[PDB]
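J.: Model the structure of this input:
(chains A, B, C, D and E)
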Amino acid sequence: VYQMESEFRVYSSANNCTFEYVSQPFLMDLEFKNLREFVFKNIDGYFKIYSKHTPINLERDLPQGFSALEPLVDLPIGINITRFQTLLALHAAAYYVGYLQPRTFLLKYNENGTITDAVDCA
Amino acid sequence: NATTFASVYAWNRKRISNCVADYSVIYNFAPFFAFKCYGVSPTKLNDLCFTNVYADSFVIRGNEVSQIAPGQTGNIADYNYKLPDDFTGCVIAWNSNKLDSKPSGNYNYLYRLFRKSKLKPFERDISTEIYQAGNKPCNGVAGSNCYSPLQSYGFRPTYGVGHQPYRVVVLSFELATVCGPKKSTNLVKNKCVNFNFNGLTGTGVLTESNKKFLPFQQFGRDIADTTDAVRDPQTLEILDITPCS
Amino acid sequence: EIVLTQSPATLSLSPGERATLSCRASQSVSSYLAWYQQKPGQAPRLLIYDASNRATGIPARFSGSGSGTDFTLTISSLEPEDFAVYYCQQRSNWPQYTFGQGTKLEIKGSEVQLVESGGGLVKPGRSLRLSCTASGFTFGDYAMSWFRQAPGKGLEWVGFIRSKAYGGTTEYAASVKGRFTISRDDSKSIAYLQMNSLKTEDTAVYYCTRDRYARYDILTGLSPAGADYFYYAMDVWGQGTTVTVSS
Amino acid sequence: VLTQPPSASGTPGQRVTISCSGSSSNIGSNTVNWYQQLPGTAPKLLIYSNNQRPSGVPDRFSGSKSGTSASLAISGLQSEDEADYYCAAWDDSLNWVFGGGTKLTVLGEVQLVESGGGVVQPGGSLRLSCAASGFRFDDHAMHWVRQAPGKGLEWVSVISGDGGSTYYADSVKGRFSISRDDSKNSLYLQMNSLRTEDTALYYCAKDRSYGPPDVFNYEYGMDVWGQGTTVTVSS
Amino acid sequence: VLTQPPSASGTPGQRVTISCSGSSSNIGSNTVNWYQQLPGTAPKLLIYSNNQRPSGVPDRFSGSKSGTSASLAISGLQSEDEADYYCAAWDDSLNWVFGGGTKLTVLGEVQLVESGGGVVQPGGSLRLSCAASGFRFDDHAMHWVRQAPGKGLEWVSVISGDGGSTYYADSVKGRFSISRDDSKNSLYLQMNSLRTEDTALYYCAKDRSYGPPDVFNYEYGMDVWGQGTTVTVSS
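T.: Numbering: from 1, shown residues only, chains lettered A, B, ... in the order given. Find the structure here:
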C-alpha cells in the first residue's frame, strides 16, 4: 500500500477466472488484545472456511479455553489445493499453522446450541 | 440485447455461472426467428443442474442459419465455428436488419472463406496470417496471387430477405454452480402434511417452536438422529416438526 | 516507381524467323509479369501472366524463360498474324498497375463478353461518366478495374474498386486523385466511373477488365497449369469508348 | 398426429377457449399457428409465434402455448366468428401436421392466383401452376396445403425462399416435383401417378419466413392464401 | 515430457548421479541416450542402449535404465565436466522427446556442415541444406534437432536411411517438407510459414542406425553433430 491504497504485487497477470465472490461482509475484523483463528479444509465441493473472534488477555500463547468456530462461507469451487501461504502488508507478525487429522471427538452441546467442550478419544 | 456483437470468426463467448439461470426472460427481449435446442428441451431447462454454461454472440447470413447444427458443414463451418457431435446446446437466432444495416454498407463483420485445413470443434482462432496460394512466395503483402483470408459481409438495407444480419446466440450446456429457479409455496398452519426444506423430505406437523437457532443452522436432530426442528429459509422463524398422528 | 521499358523499338523481321522480347525494370520484381499482344484497333490480349505459365487462346509459339529483372520470349515460328504490339505489365504492385511502351512488329517493310458506354464531346458539359456492364462471368464476385489507352502513347492506369467481399475501399493513381471517383452498382451488374473536372489531356480509351477473385477456396484445389485458372480467376480486356475534346 | 375435438359452442358476450394438443416434438418444442377459414373462402393466419398477431387480425384473439398443449382464446365472440379453426405444428419427421378442426357455432396488393384443373386423369399427368407477383417472391417462401371437400387441411410440400430444401408428406413422398422460377415469378408442382382418392383443391399459400421449417422454427406462417382449383378426379 | 533436474552440483573427486524419469511409453519401452554439450559447441552421445558407450567417450561415465527411469553416473568428475546433459527417448507416438537439461556446476573424418541463414522471412519460404561426406550417407540415417538460445534441445524431423517413411514433431507437422539426395550425398529441409517462436540453430544430427527409431528401438543414437546456423526470425 503506497498511500487506490492498494496494489497487485502478488500476481503479474490474469486469465480465465472460473469463480468470483464479492463477499461484502469482511472475514478479518478489527478493534486487551484480540485473537482470530481460521480453519480451512479441502472438501470435494466446499472449502468450509471457519472463523471465530475472541478477546484474549494472556498475550503469551494460545490461551486455555474451549471456543468453537462458526461457519461463514462455503465456496462451491472444486480444486485440489496442496499448498497455502499467508499474506502480510507493509505500512508482531505472529501466525500459527496447524494440521487437521481424522480424530474422533465427543462434542457437548448446550441448551441453546453452543458447543461447550469436546473430548479427543485418541 | 447488447449494443454491438462481434463477427462470425470470433466468439466473445462469455461464460455464465455462480448464479441461478431463469430461462423465462429471454422470451421478453426480442422476437426470435429460430429457437433450435439440439440436445435439450426448451421447457425442460429450469430443473436440471449444470456446472458451466457458455454463451457466444455472432452475426451470420440468413441463408446459412440451417448450417449451424451438429454434424453439418458449410462455408463458415470448417474454419470459424464448428459444432461437434457432443454439442448439445440451443441455437437462438433473430434478425437484426434494423440495427446492423447502413445505406452505405458496413464492412465491420468478417468471415473466413478457406483455411489450410479444417478447424477442430470447440476451438477459436483469430490468426490474421495472409493466405499463401500459388507457386510464388507471398511476403506478407497484398499482391496479385496473394489473398486475404478474411472477407466482409457487406450488409445493406436494400438487400432482400436472406442477406440480412442475423444475430445468432449459441447457448451451450456443460457438466453445480448454475441451477433452475426453484419456486416456493405458502407455509400452512399446524397440520400433518408434506414438506421439503432444501432436501429435507418427510411428513409431520409444523408447529411454532420455542427454540433459538444459531444464525448458521437450518434444521436439527433429536437424541435418536431424528429431524424434529427446522427453520424456514424464507423468514427467520423456528418450526417444530412433530411426527404425524 | 517501377519503370518498365522495352529494348526493341521497330522490328521489321519477316515471318519465318525468330523474335525476341526483352523487358527490364529498376526494382527487382518477382514472377509477376503480364505479356499483352494487342492488335491495332482491337482489344489487348494477354500471352503469359506472372511469367510462369501461359494464357489460353494463343498458339504454342510462345516458349520463353527468365525471372527477376529480365524476361524473354523466343518465338521460333513464323509470323502469320504477328502484326500487333507486344507490351508488358507487372502484377506485383496491386494498386499500381504500370504498363510500358510496347514494340511494334510487322510483316515486312467464349461466354466472356462485356460492353461499355460513355463518350463523345467532352469540352461542352465537362462531365463524362463511363459505364461497364458485363454478360460473361457473374458480375459482382470480381473486383472492377479500369485502364486507359491513349492514342500513340501506350497503355495507362486509371483506378479500380475492390469487389464486395474485400471491403468497399478505393485506391487511385496520382494524376486521377480527386478527379476520378469510381462507383459500383453490382446489384444491377453495372459499374460506373465519374470523371468530373475533365481536361484536354484525358482523352484516352478506358477499358474495364477483371481483377482478383476474392473467392479463393476453389483456387487451391486446381493448379494453375491448364485452362481452369484462366476460366475462374483471370482478367480479360474488352471494348472501349472514345473521348473527343475541342476548344 | 394431433387430437382436436370436432366442434365447440359459445354465446355472444363470453370468452371461449379452443384447445389443441400435440406431442413433445411439435408443440413442446415448436410453435403453434392458428388459422380461420370461413365457409367458402381461404384460411388466414391469426396467431403466430404463440405471442404475436398480424396487423389484419385484431387484439380480440388470444393465444398461449403452455408446455405441450395449445389454446385459442376468443374474447368477445361476435356473430361473424362462425368458422373452422385448425392447428399447425412441425414434428421431428419434418412434416407440417394439422389438428382436427373446430366448428365454432355461435348461439346468437398481394395476390396468389393459381389455375389448372378439369380432367385430372388419375394415372396420367397433370400440370399445376401458381402465379405470384407483388410481394417479393424471391424473398418470401411458399407452401402447399390441399383441402378435401368436407374434410380438413392436408399438407403437401413446402420450399424455402432460396429454392432449396423441400419436404414431402408420407402419402405422396417421392412422386411430385416442387420447384420455382425466380425469373418468371411463378410456382409449379408437377403431379404424377395420382390415385382416385385425392380430391382436393391444393391451395397455394404464401409463407412469411425464408428458410425451411426445420431451422426457422419461430417465424414460419402462411399469411396470404389463394383460391384453389377444385379437381374432378374420378373413375 | 522427460522429468530432469534443472541443475546439479558436485565436488571434484566424488561420483554424482543424473536421473531422468519418464512415462512407460518412451523410457519403459525404449532406450535412453545421454548427451553432453559444452557451452558454445555441439552435443555428443555419451551412453547408448543404456549399457554401451562409444570409443570417444571413456569408461568413466556410467549409465543404466531401471524400469521407467534412467540414471547418468559420472565417476570422478574433473574440471572439464561443466556442461548441460539432456535425455533422449523415442515415444511410440512417433516423436523424439528430450529432457530438461542438467547444468552441472563443479565446485573446484566425419563432418556434417550445414548452411542457410540470414533473412528468415517469417511467412514466406526457406530452404535448409546439410552436406554429408565420409560416413556412408546411404546407410546411416539423419535427424534434425533445434536449440533455442537459452533453451534445451528440440527435435524437428527424422528420415530413414532408405529414404522411405519420415516423421515430424507434433508442433512442426504439416508445414515442413524434408528432402534428401542419395546421389549428391546431402540432407535438405524445406521450411514454409515459419512462426516467430522458431528461433534456433537447427543442428544437423547424424544417426548411427539404419531404419527409423520406431522399428529399431535399441540402436538409434546421434553420434556426430554439426554447427547449426542461428536464424534471425523477427518482425
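J.: Which single residue of chain C ends up nearest chain D?
T.: residue C:187 (12.9 Å; Cβ to the nearest Cβ). The C-beta positions use only the backbone N, C-alpha and C, and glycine is treated the same way.
J.: Please report how far the nearest residue to that residue once chain neighbours are set aside lies from chain A.
T.: With Cβ to Cβ, 6 or more residues apart in numbering or on different chains as the criterion, residue C:187 has its nearest non-adjacent residue at 7.1 Å, and that residue is residue B:158. Note on residue B:158: its distance to chain A, by Cβ to the nearest Cβ, to the nearest Å, is 42 Å.
J.: Equivalent analysis for residue D:155, please.
T.: For residue D:155 relative to chain A (Cβ to the nearest Cβ), the value is 49 Å.
J.: any chance you could map the helices in chain C?
T.: With helices called from DSSP state H, chain C shows them at C:217-221, C:228-232.
J.: Now do the first one: distance to the chain's middle.
T.: When you say that, I think you mean helix C:217-221. Centroid displacement of helix C:217-221 relative to its chain, using Cα atoms, centre = their mean, to the nearest Å, is 24 Å.
J.: Mind telling me what element the closest residue to residue A:77 other than its chain neighbours is part of?
T.: Of all residues not flanking residue A:77 in the chain, residue A:19 sits nearest, at 4.9 Å (Cβ to Cβ, 6+ apart). Here residue A:19 is covered by no helix or strand, with elements defined by DSSP states H and E.
J.: In this structure residue A:19 contacts residue B:51, no?
T.: No. With contact defined as Cβ atoms under 8 Å, residue A:19 does not reach residue B:51; the gap is 11.3 Å.
J.: which residues are common contacts for these two?
T.: Contact criterion Cβ atoms under 8 Å, 6 or more residues apart in numbering or on different chains; residues shared by residue A:19 and residue B:51: B:17, B:177.
J.: residues from chain B in reach of chain E?
T.: B:116-117, B:129-130, B:132, B:137-140 (Cβ under 8 Å from any Cβ of the partner chain).
J.: out of everything not next to it in sequence, what's closest to the residue sitting furthest away from the middle of chain C?
T.: Using Cα atoms, centre = their mean, the residue of chain C lying farthest from its centre is residue C:247. It sits 31.2 Å away. Closest residue to residue C:247 apart from its sequence neighbours, by Cβ to Cβ, 6+ apart: residue C:123 at 6.9 Å.
J.: burial of the one you found, as a residue count?
T.: Counted by other Cβ atoms under 10 Å in any protein chain shown, the residues lying close to residue C:123 total 12.
J.: Over to residue B:92?
T.: 21.
J.: Centroid-nearest residue for chain B?
T.: Using Cα atoms, centre = their mean, the most central residue of chain B is residue B:171, at 3.1 Å.
J.: And the strands in the chain?
T.: If you meant another chain, say so; for now it's chain A. Ranges of strands within chain A are A:33-39, A:49-56, A:70-73, A:108-109, A:115-117, based on DSSP state E.
J.: wrong one, chain B
T.: According to DSSP E, the strands that chain B contains are B:34-37, B:55-60, B:89-95, B:110-112, B:131-132, B:146-147, B:150-152, B:166-172, B:192-197, B:200-208, B:219-221, B:227-231, B:238-242.
J.: Extract the CA atoms of the second one and return them as CSV.
T.: Included here for strand B:55-60 are C-alpha records, laid out as CSV according to Å, rounded to 0.1, in the frame of the first residue of the first chain:
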residue,chain,number,x,y,z
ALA,B,55,-22.8,-18.1,-24.3
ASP,B,56,-21.4,-16.6,-27.5
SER,B,57,-22.7,-13.9,-29.9
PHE,B,58,-22.1,-13.5,-33.7
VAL,B,59,-23.7,-12.3,-36.9
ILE,B,60,-24.0,-14.7,-39.9
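J.: where does chain B come near chain C, residue by residue?
T.: Of all the residues in chain B, those lying near chain C are B:75, B:104-105, B:107, B:113-114, B:131, B:133-136, B:142-145, B:147-148, B:151-152, B:154, B:158, going by Cβ under 8 Å from any Cβ.
J.: Please indicate which of the residues you listed are buried?
T.: Buried members of those, scored by 16 or more other Cβ atoms under 10 Å in any protein chain shown, are B:75, B:105, B:107, B:113-114, B:131, B:133-134, B:136, B:143-145, B:147-148, B:151-152, B:154.
J.: okay, the helices of chain C in JSON lines with distance to residue B:178 and mean neighbour count next?
T.: JSON lines is the format used below for the helices of chain C (distance: least, Cβ to Cβ, whole Å; neighbours: other Cβ atoms under 10 Å in any protein chain shown):
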{"stretch": "helix C:217-221", "distance to residue B:178": "40", "mean neighbour count": "14"}
{"stretch": "helix C:228-232", "distance to residue B:178": "50", "mean neighbour count": "16"}
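J.: Rebuild those helices as TSV, extending it with distance to chain A.
T.: Shown next, in TSV, are the helices of chain C (distance: least, Cβ to the nearest Cβ, whole Å):
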stretch	distance to chain A
helix C:217-221	33
helix C:228-232	43
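J.: roughly how far apart are the residue nearest to residue B:221 when sequence neighbours are not counted and residue B:161?
T.: In space, not counting the residues next to it along the chain, residue B:221 is nearest to residue B:227; the distance is 5.6 Å by Cβ to Cβ, 6+ apart. As judged by Cβ to Cβ, to the nearest Å, residue B:227 and residue B:161 stand 62 Å apart.
J.: and chain D, which residues reach chain B?
T.: D:24, D:28-29, D:49, D:51-52, D:67-68, D:136, D:138-140, D:161-162, D:165, D:209-212, D:214-219.
J.: Quick one: residues contacting the closest residue to residue C:183 other than its chain neighbours.
T.: Of all residues not flanking residue C:183 in the chain, residue C:192 sits nearest, at 4.6 Å (Cβ to Cβ, 6+ apart). When contacts are counted by Cβ under 8 Å, 6+ apart, residue C:192 touches C:129-132, C:182-185.
J.: Chain neighbours aside, what residue packs nearest to the closest residue to chain E within chain B?
T.: Closest residue of chain B to chain E, Cβ to the nearest Cβ: residue B:137 (4.2 Å). Excluding its sequence neighbours, the residue lying closest to residue B:137 (Cβ to Cβ, 6+ apart) is residue E:124, at 4.2 Å.
J.: now swap in residue A:109 and tell me
T.: That would be residue A:115: by Cβ to Cβ, 6+ apart, it lies 6.0 Å from residue A:109.
J.: What residues does chain A have near chain B?
T.: So chain A meets chain B at A:16, A:18-21, A:45, A:70-71, A:76, A:112-114 (Cβ under 8 Å from any Cβ).
J.: Could you work out the most separated pair of the residues you listed?
T.: By the measure Cβ to Cβ, A:16 and A:112 form the most distant pair in the residues of chain A next to chain B, at 46.1 Å.
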